[PDB]
Amino acid sequence: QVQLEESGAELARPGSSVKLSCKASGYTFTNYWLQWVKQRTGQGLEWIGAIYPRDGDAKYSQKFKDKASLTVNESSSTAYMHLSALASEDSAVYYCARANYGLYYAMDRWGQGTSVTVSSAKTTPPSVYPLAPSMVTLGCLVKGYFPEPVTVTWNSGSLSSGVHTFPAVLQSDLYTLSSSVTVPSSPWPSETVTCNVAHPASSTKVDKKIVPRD
Amino acid sequence: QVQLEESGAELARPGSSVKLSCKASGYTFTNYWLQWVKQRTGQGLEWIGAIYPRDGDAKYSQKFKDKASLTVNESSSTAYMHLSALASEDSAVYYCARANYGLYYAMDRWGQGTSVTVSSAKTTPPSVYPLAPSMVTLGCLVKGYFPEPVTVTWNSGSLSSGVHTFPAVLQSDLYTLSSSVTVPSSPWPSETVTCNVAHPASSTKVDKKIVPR
Amino acid sequence: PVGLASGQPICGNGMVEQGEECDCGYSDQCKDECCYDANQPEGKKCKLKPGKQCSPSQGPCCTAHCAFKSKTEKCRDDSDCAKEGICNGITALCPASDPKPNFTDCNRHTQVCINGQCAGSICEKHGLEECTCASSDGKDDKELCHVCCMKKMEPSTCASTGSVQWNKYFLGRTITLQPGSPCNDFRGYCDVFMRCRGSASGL
Amino acid sequence: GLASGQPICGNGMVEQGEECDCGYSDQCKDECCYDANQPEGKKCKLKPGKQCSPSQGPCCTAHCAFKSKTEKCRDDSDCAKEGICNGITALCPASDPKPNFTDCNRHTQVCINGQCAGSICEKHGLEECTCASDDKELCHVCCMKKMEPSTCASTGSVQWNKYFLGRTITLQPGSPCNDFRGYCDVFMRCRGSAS
Amino acid sequence: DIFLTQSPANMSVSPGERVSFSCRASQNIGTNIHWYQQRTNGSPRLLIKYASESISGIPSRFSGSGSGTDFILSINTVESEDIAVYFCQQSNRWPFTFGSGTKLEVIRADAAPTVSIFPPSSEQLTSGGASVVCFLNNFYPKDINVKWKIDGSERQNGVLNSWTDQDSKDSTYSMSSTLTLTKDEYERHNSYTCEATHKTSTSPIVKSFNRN
Amino acid sequence: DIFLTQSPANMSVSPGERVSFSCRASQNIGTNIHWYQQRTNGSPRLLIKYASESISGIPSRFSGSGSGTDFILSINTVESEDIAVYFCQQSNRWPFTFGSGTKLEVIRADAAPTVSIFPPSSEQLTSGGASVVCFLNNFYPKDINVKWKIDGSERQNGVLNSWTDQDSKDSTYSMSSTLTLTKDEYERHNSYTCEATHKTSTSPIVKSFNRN
Ligand SMILES: *[C@@H]1O[C@H](CO)[C@@H](O)[C@H](O)[C@H]1NC(C)=O
Ligand SMILES: *[C@@H]1O[C@H](CO)[C@@H](O)[C@H](O)[C@H]1NC(C)=O
Ligand SMILES: *[C@@H]1O[C@H](CO)[C@@H](O)[C@H](O)[C@H]1NC(C)=O
Ligand SMILES: *[C@@H]1O[C@H](CO)[C@@H](O)[C@H](O)[C@H]1NC(C)=O
Ligand SMILES: [Mg+2]
Ligand SMILES: [Mg+2]
């Protein structure tokens, strides 16, 4: 199955550079143009450029010519995009996508995106708090962390339905996020519901069991 | 097996009379003295008298001679005590008991007792109210009824352990009683506990499901 | 006195026994000023303190103060057939009571005092003899447990004390036997309720 | 969406046997014209005193007058000039040709009699060839001295500097390349072909 | 009649220990006396007859002796189901007479009352009266106090108290206390509180609510 | 470059109805244009190429037509997993360009928010700050307001709001609001209230607590 697996989220200081990767499998890497596309939160797609992995020939949007450098390792069937001299306007999600159906190519297969964040702000772990009051709603507060993402599961992924995790909100170089789970009043308190937060950038992991308050 | 089954609780007006009965089975009725004993709440035993069911010969305590009358039906193997000219001092539990191990007899077998109440007060049904607040205690209030007894069970008697039913308290011709069950917080609310109250004298029955406030 | 007796004489039970003058018990029990406690040496164990005339543990005719009670002081209550015990003034024993006169009422009126005892019947009081009332036939009377009298060696005349005959002597009052007394010609015993309970043959 | 096309009175398109077509009655905003829900032979004909209808063409005004003679009814083509009204009709008359050897089709060809033809080579008196095996140059427009195929080179070459000044002209996507073995894609790579 | 005394009136003993009840006759009855056990809400049950002799189906840990005027019933190893009142009765003459009984308590570790308060029910409030119920549950030893406070103030009127006998599994005691008001007089006030005072604390156990 | 606009920006339709998204190119691109779907947190997904032509594994309810400068992507008929943003992209010349997208809402029956308020946790209070969070969960339609009140007084500072996209199973919207304080200023006051205003009531939903 045809797949483009991209490198994971980068944090990067202004003026530095990042090297984003896209590893191709499932097809012949050197038979297809491979393209890069930028998307700022939540906003349009913007075509950066394309490379032809056979000879490494590259086309660039004029806008990105001073920003991006495209290369491939043909052995590893991997493509790279270097973003350099980083400013905040470069914080964005970046897709690789395979070009297909010539002569005017659609982009028929996409990577998951890599999220680049460009800031001076220092990596911080979240504090995680319980949110407790026929149906009952509980939650977790994930407070004061940087950078994105965090992940939140409930009971190690045994609760899925019932769950809203809210989009993180930035104030003063920290994110806050909350998660919300609604379960029947019969299991809770009687059976345990736990939120599991992980913040891969600090390798913090927290479990919190929710328990009834005064 | 030797057994004596007694009639159930009497309410009786001052000045009236009652007929209390004791049914013998499990032996030859007519071979044993049969005795009657009064006990006021909660207090000493008091021997009323004895009767010998063969010829119906009766012995009476002097104190009860003007009170109690002893008879038998030999056919039904039943003994009777009539209490007459009833006053409040006659309110008491009354046992029949078999005399055995001669010649100076112990009382080797007893009926359950019959509770006699002597009052002018008219029968009233209880109101039943829920009592709700790692363990949790709930209850039932059983209020403003007459006469005793009532029975209280929980979930038709599936809850037994966990349970105090308190002794009833008399104020102004009505009784109030409470009952108390303690269950883990896991069943309640999640699984239901219901008290079942019954007051035979009015043939009232109440179920009440206990529910959080 | 609850529980079995050792049935061995020992100096230290409350009782005087051969070879001992008094016995007030072991030190922990002995309120006697007259006597020497059981856990006190031999040879004094068991013996009257000197100058002390007698001990109340020997008998009621000694005072708490180790003196003989004077003669004709009460040492015993009246029995049925006997008068008060009186001290004789030379011992702490209460001497045997003297008898009440013959044909005095004894044993809940049931028999009569002869030479200080209980014997015979209240029948003999009137020059009758005690008989047993007896059954019509297999069928148990209350009168089985009555005191019943007859003219002397004339058992035909047997009747309850309260019967219409004997009215001269008893005036129609039934006198019941004592519980435990045999009844229906030794085929029975009287229970507390004065019924004759059949009893086993061949004992 | 798809065209019917059947001539009928009306679709809003003027056809044989009709002078104007404004639509049916609730479509018809034309003060010049009779709607299709009018009686036969008022159907799709000009209202009286009305010279023409904007449904006939751009050279009629909203008020049913012919536009006058030098007025613009049509845009620049590659090979053709603006359309001008003639003042006697509402049709926009055929545009006149732009000069011969004007650049058309992204500088790939030349206008001759207002069609778009040939090659930009012919402008300079060269002939078009295909470059054949540098791999990029497969999608260049390439010129040769006339009947001298050895001399074939890309418009962007050093050799053609006189005429093309070192500026490359790429072929249009879809063009045959490498002597009819291939086609150029949007990225101007020559994609191998088979049939 | 022949009269009996029992000593003592109540008696208190740890499980597995031995207990002895004493019965005194007002004249010589020989051996004719018998012993009865009455558990709570139960009938009398014959233990010993005549006064050493065993009854079929009676536990062997029950024994007796005595003669003349003085008699003793003994339990050699007490269990907690032996909580009851024990009676001597004389058969020597009729009318038969009973000693006034000795009550057996079984000792256990101290327990503080579990105290619960309950507000008037919906029904009862729609009906136009109001009862607050306080339980004080499963405590030892026996002596306790309950107090009531309405909005901080000690209310002695309308308070009906009830006490359980000793529990045969648990060995504890429980108590309810019921405060009863008109819906009106109840609805004057706000914070309703009941407090327990028991040996197992220097300070009273307080439970409360506000009307909601 | 060649530029694309998409109309309208958002569009909202009941399930099983038909919907049509529109794309305008700044010059004649012929058929060389393609259509992509992006769900929430998703990658773009190729729907149609060249602009009528189908992609293997794409649901057949997706179609497209157009030519030259004007193109239409059509869903006949809508389901609720079709919630997404839809993009046109032209391949006619590079740099390739995208329209700015149309968002699809799927209409459903009105739902009032489930409103929950939560007090600061123990951990957070020991740490020297305090957060109150209000959820407003599973409401439709989209527009809503929060107000916060402390002891009756309306508080605009320290309030952080977050909104979900539409739920693909539920078809609803949820929202969180986080009021964030010093432990000190939190411990100044007593009653904390979050109040929600939505189409489904004339009067705002109020949840509250008191500091305990
Ligand atoms: C390509 O990747 C492989 C990693 O397996 C590495 O050995 C090789 O040196 C790489 N090539 C270049 C040009 O970096
Ligand atoms: C004894 O009881 C029976 C009831 O089965 C009754 O028929 C009979 O008449 C009773 N005897 C007397 C004397 O009432
Ligand atoms: C009493 O009874 C006997 C028997 O007749 C008699 O001989 C005895 O002497 C009597 N007592 C007296 C005072 O003698
Ligand atoms: C355009 O070129 C053709 C061919 O040489 C010629 O016939 C025609 O006259 C030219 N047009 C003009 C306006 O010169
Ligand atoms: Mg001795
Ligand atoms: Mg027409």
# chains A, B, ... in the order shown; residues from 1 in each chain; ligands from 1
$ select_by_dssp --residues "chain F" --states "helix (DSSP H, G or I)" --output "list in words"
residues 80, 81, 82, 122, 123, 124, 125, 126, 127, 183, 184, 185 and 186 of chain F
$ residues_near_ligand --ligand "ligand 2" --cutoff "8 Å" --atoms "only C-alpha atoms and all ligand atoms" --output "PyMOL selection string"
chain B and resi 73-78
$ residues_near_ligand --ligand "ligand 1" --cutoff "9 Å" --atoms "only C-alpha atoms and all ligand atoms" --output "number ranges by chain"
A: 72-78
$ write_last_selection --atoms "N, CA, C and O atoms" --output "short mmCIF file (atom, residue, chain, number, x, y, z; two decimals), in the first residue's frame"
data_model
loop_
_atom_site.label_atom_id
_atom_site.label_comp_id
_atom_site.auth_asym_id
_atom_site.auth_seq_id
_atom_site.Cartn_x
_atom_site.Cartn_y
_atom_site.Cartn_z
N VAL A 72 16.44 14.58 -2.40
CA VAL A 72 16.08 13.20 -2.09
C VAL A 72 17.31 12.33 -1.82
O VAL A 72 18.35 12.51 -2.43
N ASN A 73 17.15 11.39 -0.89
CA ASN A 73 17.92 10.16 -0.87
C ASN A 73 17.14 9.06 -1.57
O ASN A 73 16.12 8.57 -1.08
N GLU A 74 17.65 8.66 -2.73
CA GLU A 74 17.00 7.67 -3.57
C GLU A 74 17.11 6.27 -2.97
O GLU A 74 16.21 5.45 -3.13
N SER A 75 18.21 6.00 -2.28
CA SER A 75 18.40 4.71 -1.61
C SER A 75 17.30 4.47 -0.59
O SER A 75 16.64 3.43 -0.61
N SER A 76 17.07 5.45 0.26
CA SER A 76 16.15 5.27 1.37
C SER A 76 14.72 5.57 0.94
O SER A 76 13.80 5.54 1.75
N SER A 77 14.56 5.89 -0.35
CA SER A 77 13.30 6.40 -0.86
C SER A 77 12.73 7.47 0.05
O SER A 77 11.59 7.39 0.48
N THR A 78 13.57 8.44 0.38
CA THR A 78 13.17 9.52 1.27
C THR A 78 13.40 10.86 0.60
O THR A 78 14.37 11.04 -0.14
#
$ residues_near_ligand --ligand "ligand 4" --cutoff "10 Å" --atoms "only C-alpha atoms and all ligand atoms" --output "short mmCIF file (atom, residue, chain, number, x, y, z; two decimals) with N, CA and C atoms, in the first residue's frame"
data_model
loop_
_atom_site.label_atom_id
_atom_site.label_comp_id
_atom_site.auth_asym_id
_atom_site.auth_seq_id
_atom_site.Cartn_x
_atom_site.Cartn_y
_atom_site.Cartn_z
N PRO D 97 -7.37 40.60 -38.30
CA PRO D 97 -6.14 39.93 -37.85
C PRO D 97 -5.16 40.93 -37.30
N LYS D 98 -4.43 40.53 -36.26
CA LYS D 98 -3.15 41.13 -35.86
C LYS D 98 -2.04 40.85 -36.87
N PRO D 99 -0.95 41.64 -36.83
CA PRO D 99 0.01 41.47 -37.92
C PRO D 99 0.59 40.06 -37.98
N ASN D 100 0.94 39.63 -39.19
CA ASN D 100 1.73 38.42 -39.38
C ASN D 100 2.98 38.44 -38.49
N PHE D 101 3.32 37.27 -37.95
CA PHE D 101 4.51 37.07 -37.10
C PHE D 101 4.40 37.85 -35.79
N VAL D 110 3.25 31.51 -34.47
CA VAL D 110 3.09 32.83 -35.08
C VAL D 110 1.72 33.01 -35.74
N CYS D 111 1.19 34.23 -35.63
CA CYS D 111 -0.05 34.59 -36.31
C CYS D 111 0.20 34.79 -37.81
N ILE D 112 -0.55 34.05 -38.62
CA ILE D 112 -0.57 34.30 -40.05
C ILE D 112 -2.01 34.29 -40.54
N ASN D 113 -2.43 35.41 -41.12
CA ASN D 113 -3.84 35.65 -41.40
C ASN D 113 -4.74 35.38 -40.20
N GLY D 114 -4.26 35.74 -39.01
CA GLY D 114 -5.10 35.76 -37.84
C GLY D 114 -5.38 34.38 -37.27
N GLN D 115 -4.81 33.35 -37.88
CA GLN D 115 -4.75 32.05 -37.22
C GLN D 115 -3.40 31.91 -36.51
#
$ residues_near_ligand --ligand "ligand 6" --cutoff "6 Å" --atoms "only C-alpha atoms and all ligand atoms" --output "JSON, numbers by chain"
{"D": [7, 8, 9, 10, 11, 12, 13, 14, 15, 21]}
$ write_last_selection --atoms "N, CA, C and O atoms" --output "PDB file, in the first residue's frame"
ATOM      1  N   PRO D   7     -32.959  24.720 -31.045  1.00  0.00           N
ATOM      2  CA  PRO D   7     -33.582  26.033 -31.234  1.00  0.00           C
ATOM      3  C   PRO D   7     -35.047  26.062 -30.796  1.00  0.00           C
ATOM      4  O   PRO D   7     -35.875  25.259 -31.240  1.00  0.00           O
ATOM      5  N   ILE D   8     -35.357  27.026 -29.941  1.00  0.00           N
ATOM      6  CA  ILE D   8     -36.684  27.159 -29.385  1.00  0.00           C
ATOM      7  C   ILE D   8     -36.801  28.607 -28.975  1.00  0.00           C
ATOM      8  O   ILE D   8     -35.792  29.298 -28.796  1.00  0.00           O
ATOM      9  N   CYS D   9     -38.032  29.081 -28.879  1.00  0.00           N
ATOM     10  CA  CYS D   9     -38.292  30.404 -28.364  1.00  0.00           C
ATOM     11  C   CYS D   9     -38.880  30.280 -26.958  1.00  0.00           C
ATOM     12  O   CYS D   9     -39.991  29.758 -26.787  1.00  0.00           O
ATOM     13  N   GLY D  10     -38.136  30.728 -25.953  1.00  0.00           N
ATOM     14  CA  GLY D  10     -36.707  30.726 -26.081  1.00  0.00           C
ATOM     15  C   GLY D  10     -35.854  30.431 -24.862  1.00  0.00           C
ATOM     16  O   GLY D  10     -36.237  30.577 -23.694  1.00  0.00           O
ATOM     17  N   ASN D  11     -34.654  29.995 -25.215  1.00  0.00           N
ATOM     18  CA  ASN D  11     -33.496  29.866 -24.374  1.00  0.00           C
ATOM     19  C   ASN D  11     -32.693  31.133 -24.080  1.00  0.00           C
ATOM     20  O   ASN D  11     -31.742  31.099 -23.284  1.00  0.00           O
ATOM     21  N   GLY D  12     -33.034  32.239 -24.733  1.00  0.00           N
ATOM     22  CA  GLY D  12     -32.222  33.439 -24.593  1.00  0.00           C
ATOM     23  C   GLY D  12     -31.146  33.545 -25.656  1.00  0.00           C
ATOM     24  O   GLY D  12     -30.274  34.423 -25.615  1.00  0.00           O
ATOM     25  N   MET D  13     -31.192  32.613 -26.599  1.00  0.00           N
ATOM     26  CA  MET D  13     -30.190  32.532 -27.645  1.00  0.00           C
ATOM     27  C   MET D  13     -30.995  32.739 -28.926  1.00  0.00           C
ATOM     28  O   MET D  13     -31.993  32.035 -29.162  1.00  0.00           O
ATOM     29  N   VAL D  14     -30.587  33.717 -29.736  1.00  0.00           N
ATOM     30  CA  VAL D  14     -31.339  34.062 -30.944  1.00  0.00           C
ATOM     31  C   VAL D  14     -30.996  33.101 -32.062  1.00  0.00           C
ATOM     32  O   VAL D  14     -29.828  32.877 -32.354  1.00  0.00           O
ATOM     33  N   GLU D  15     -32.013  32.548 -32.705  1.00  0.00           N
ATOM     34  CA  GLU D  15     -31.806  31.477 -33.668  1.00  0.00           C
ATOM     35  C   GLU D  15     -32.649  31.764 -34.915  1.00  0.00           C
ATOM     36  O   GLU D  15     -33.365  32.769 -34.958  1.00  0.00           O
ATOM     37  N   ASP D  21     -34.456  36.802 -28.628  1.00  0.00           N
ATOM     38  CA  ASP D  21     -34.943  35.854 -27.645  1.00  0.00           C
ATOM     39  C   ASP D  21     -34.602  36.314 -26.230  1.00  0.00           C
ATOM     40  O   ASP D  21     -33.440  36.302 -25.832  1.00  0.00           O
TER      41      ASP D  21
END
$ residues_near_ligand --ligand "ligand 5" --cutoff "6 Å" --atoms "only C-alpha atoms and all ligand atoms" --output "list in words"
residues 9, 10, 11, 12, 13, 15, 16, 17 and 23 of chain C
$ residues_near_ligand --ligand "ligand 3" --cutoff "12 Å" --atoms "only C-alpha atoms and all ligand atoms" --output "NGL selection string"
:C and (81 or 98-104 or 112-120 or 124-125)
$ write_last_selection --atoms "N, CA and C atoms" --output "mmCIF file, in the first residue's frame"
data_model
loop_
_atom_site.group_PDB
_atom_site.id
_atom_site.type_symbol
_atom_site.label_atom_id
_atom_site.label_comp_id
_atom_site.auth_asym_id
_atom_site.auth_seq_id
_atom_site.Cartn_x
_atom_site.Cartn_y
_atom_site.Cartn_z
ATOM 1 N N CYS C 81 -42.792 -29.797 114.268
ATOM 2 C CA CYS C 81 -42.999 -30.610 115.441
ATOM 3 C C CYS C 81 -42.128 -30.266 116.654
ATOM 4 N N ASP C 98 -36.933 -29.483 121.817
ATOM 5 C CA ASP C 98 -37.875 -30.334 122.475
ATOM 6 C C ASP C 98 -39.132 -30.446 121.660
ATOM 7 N N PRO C 99 -39.869 -31.525 121.813
ATOM 8 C CA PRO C 99 -41.023 -31.723 120.957
ATOM 9 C C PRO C 99 -42.246 -30.918 121.308
ATOM 10 N N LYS C 100 -42.955 -30.529 120.279
ATOM 11 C CA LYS C 100 -44.302 -30.060 120.407
ATOM 12 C C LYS C 100 -45.193 -31.249 120.668
ATOM 13 N N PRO C 101 -46.419 -30.933 121.267
ATOM 14 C CA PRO C 101 -47.212 -32.111 121.633
ATOM 15 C C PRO C 101 -47.733 -32.923 120.486
ATOM 16 N N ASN C 102 -47.908 -34.208 120.721
ATOM 17 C CA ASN C 102 -48.424 -35.088 119.719
ATOM 18 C C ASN C 102 -49.688 -34.533 119.193
ATOM 19 N N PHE C 103 -49.963 -34.805 117.930
ATOM 20 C CA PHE C 103 -51.204 -34.451 117.291
ATOM 21 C C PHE C 103 -51.296 -32.974 117.063
ATOM 22 N N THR C 104 -50.138 -32.341 117.100
ATOM 23 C CA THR C 104 -49.977 -30.993 116.560
ATOM 24 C C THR C 104 -49.833 -31.030 115.035
ATOM 25 N N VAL C 112 -49.212 -35.990 111.548
ATOM 26 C CA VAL C 112 -49.223 -35.433 112.900
ATOM 27 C C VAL C 112 -47.995 -35.720 113.764
ATOM 28 N N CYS C 113 -47.672 -34.785 114.629
ATOM 29 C CA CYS C 113 -46.469 -34.871 115.398
ATOM 30 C C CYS C 113 -46.517 -35.961 116.423
ATOM 31 N N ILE C 114 -45.779 -37.046 116.231
ATOM 32 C CA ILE C 114 -45.631 -37.993 117.332
ATOM 33 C C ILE C 114 -44.186 -38.184 117.810
ATOM 34 N N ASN C 115 -43.987 -37.792 119.056
ATOM 35 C CA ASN C 115 -42.685 -37.740 119.648
ATOM 36 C C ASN C 115 -41.728 -36.909 118.846
ATOM 37 N N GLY C 116 -42.238 -35.767 118.426
ATOM 38 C CA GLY C 116 -41.434 -34.727 117.864
ATOM 39 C C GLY C 116 -41.182 -34.911 116.422
ATOM 40 N N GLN C 117 -41.822 -35.906 115.850
ATOM 41 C CA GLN C 117 -41.583 -36.206 114.458
ATOM 42 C C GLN C 117 -42.733 -35.815 113.561
ATOM 43 N N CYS C 118 -42.703 -36.279 112.328
ATOM 44 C CA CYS C 118 -43.896 -36.294 111.511
ATOM 45 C C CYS C 118 -44.188 -37.718 111.119
ATOM 46 N N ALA C 119 -45.425 -38.155 111.303
ATOM 47 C CA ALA C 119 -45.785 -39.550 111.113
ATOM 48 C C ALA C 119 -47.267 -39.617 110.813
ATOM 49 N N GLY C 120 -47.707 -40.756 110.282
ATOM 50 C CA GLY C 120 -49.107 -41.141 110.358
ATOM 51 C C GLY C 120 -49.996 -40.313 109.456
ATOM 52 N N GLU C 124 -55.620 -39.666 111.925
ATOM 53 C CA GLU C 124 -55.507 -40.253 113.246
ATOM 54 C C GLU C 124 -55.782 -39.216 114.321
ATOM 55 N N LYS C 125 -55.647 -37.943 113.959
ATOM 56 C CA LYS C 125 -56.057 -36.860 114.842
ATOM 57 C C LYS C 125 -57.491 -37.072 115.325
#
$ interface_residues --of "chain D" --to "chain A" --cutoff "8 Å" --atoms "only C-alpha atoms" --output "ChimeraX atom specification"
/D:173-174,184-187
$ write_last_selection --atoms "N, CA, C and O atoms" --output "JSON list (two decimals), in the first residue's frame"
[["chain", "number", "residue", "atom", "x", "y", "z"],
["D", 173, "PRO", "N", 2.81, 22.36, -22.47],
["D", 173, "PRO", "CA", 2.45, 21.04, -21.95],
["D", 173, "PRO", "C", 1.57, 20.32, -22.96],
["D", 173, "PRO", "O", 0.74, 20.96, -23.60],
["D", 174, "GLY", "N", 1.79, 19.03, -23.17],
["D", 174, "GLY", "CA", 1.04, 18.28, -24.16],
["D", 174, "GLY", "C", 1.76, 18.08, -25.48],
["D", 174, "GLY", "O", 1.42, 17.18, -26.26],
["D", 184, "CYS", "N", 5.53, 16.35, -23.19],
["D", 184, "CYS", "CA", 5.98, 17.20, -22.09],
["D", 184, "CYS", "C", 4.83, 17.32, -21.09],
["D", 184, "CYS", "O", 3.68, 17.61, -21.51],
["D", 185, "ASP", "N", 5.12, 17.13, -19.81],
["D", 185, "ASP", "CA", 4.15, 17.37, -18.75],
["D", 185, "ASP", "C", 4.21, 18.81, -18.24],
["D", 185, "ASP", "O", 5.00, 19.58, -18.76],
["D", 186, "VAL", "N", 3.43, 19.18, -17.21],
["D", 186, "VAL", "CA", 3.44, 20.57, -16.73],
["D", 186, "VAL", "C", 4.79, 21.01, -16.25],
["D", 186, "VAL", "O", 5.02, 22.21, -16.11],
["D", 187, "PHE", "N", 5.61, 20.04, -15.88],
["D", 187, "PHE", "CA", 6.90, 20.31, -15.26],
["D", 187, "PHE", "C", 7.98, 20.28, -16.33],
["D", 187, "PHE", "O", 9.18, 20.37, -16.04]]
$ residues_around --residues "residue B:97" --least-positions-apart "4" --cutoff "7 Å" --atoms "only C-alpha atoms" --output "PyMOL selection string"
chain B and resi 34-36+107+109-111
$ write_last_selection --atoms "C-alpha atoms" --output "PDB file, in the first residue's frame"
ATOM      1  CA  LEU B  34     -50.759 -26.190  79.621  1.00  0.00           C
ATOM      2  CA  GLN B  35     -49.668 -22.875  81.159  1.00  0.00           C
ATOM      3  CA  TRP B  36     -50.142 -19.190  80.611  1.00  0.00           C
ATOM      4  CA  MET B 107     -42.034 -25.186  80.703  1.00  0.00           C
ATOM      5  CA  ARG B 109     -42.098 -25.501  74.842  1.00  0.00           C
ATOM      6  CA  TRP B 110     -43.515 -22.042  74.191  1.00  0.00           C
ATOM      7  CA  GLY B 111     -45.817 -20.263  71.796  1.00  0.00           C
TER       8      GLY B 111
END
$ atom_distance --atom1 "atom CA of residue F:91" --atom2 "atom CA of residue D:75"
26.0 Å
$ residues_around --residues "residue A:156" --least-positions-apart "4" --cutoff "9 Å" --atoms "only C-alpha atoms" --output "number ranges by chain"
A: 194-196
$ write_last_selection --atoms "C-alpha atoms" --output "PDB file, in the first residue's frame"
ATOM      1  CA  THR A 194      -8.496   7.885  34.106  1.00  0.00           C
ATOM      2  CA  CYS A 195      -7.137  10.374  31.660  1.00  0.00           C
ATOM      3  CA  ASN A 196      -3.704   9.735  30.280  1.00  0.00           C
TER       4      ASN A 196
END
$ residues_around --residues "residue C:72" --least-positions-apart "2" --cutoff "8 Å" --atoms "only C-alpha atoms" --output "PyMOL selection string"
chain C and resi 70+74+86-89
$ write_last_selection --atoms "N, CA and C atoms" --output "PDB file, in the first residue's frame"
ATOM      1  N   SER C  70     -25.773 -17.501 127.480  1.00  0.00           N
ATOM      2  CA  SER C  70     -26.342 -17.973 128.740  1.00  0.00           C
ATOM      3  C   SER C  70     -27.492 -18.892 128.422  1.00  0.00           C
ATOM      4  N   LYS C  74     -32.184 -18.142 122.615  1.00  0.00           N
ATOM      5  CA  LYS C  74     -32.609 -18.848 121.407  1.00  0.00           C
ATOM      6  C   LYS C  74     -31.365 -19.133 120.548  1.00  0.00           C
ATOM      7  N   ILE C  86     -32.826 -23.830 122.697  1.00  0.00           N
ATOM      8  CA  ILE C  86     -32.203 -22.949 123.678  1.00  0.00           C
ATOM      9  C   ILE C  86     -30.809 -23.404 124.095  1.00  0.00           C
ATOM     10  N   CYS C  87     -29.906 -22.440 124.247  1.00  0.00           N
ATOM     11  CA  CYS C  87     -28.552 -22.733 124.688  1.00  0.00           C
ATOM     12  C   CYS C  87     -28.607 -23.264 126.118  1.00  0.00           C
ATOM     13  N   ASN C  88     -27.702 -24.176 126.461  1.00  0.00           N
ATOM     14  CA  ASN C  88     -27.659 -24.665 127.826  1.00  0.00           C
ATOM     15  C   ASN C  88     -26.632 -23.981 128.696  1.00  0.00           C
ATOM     16  N   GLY C  89     -25.818 -23.118 128.090  1.00  0.00           N
ATOM     17  CA  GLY C  89     -24.868 -22.297 128.818  1.00  0.00           C
ATOM     18  C   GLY C  89     -23.510 -22.928 129.056  1.00  0.00           C
TER      19      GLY C  89
END
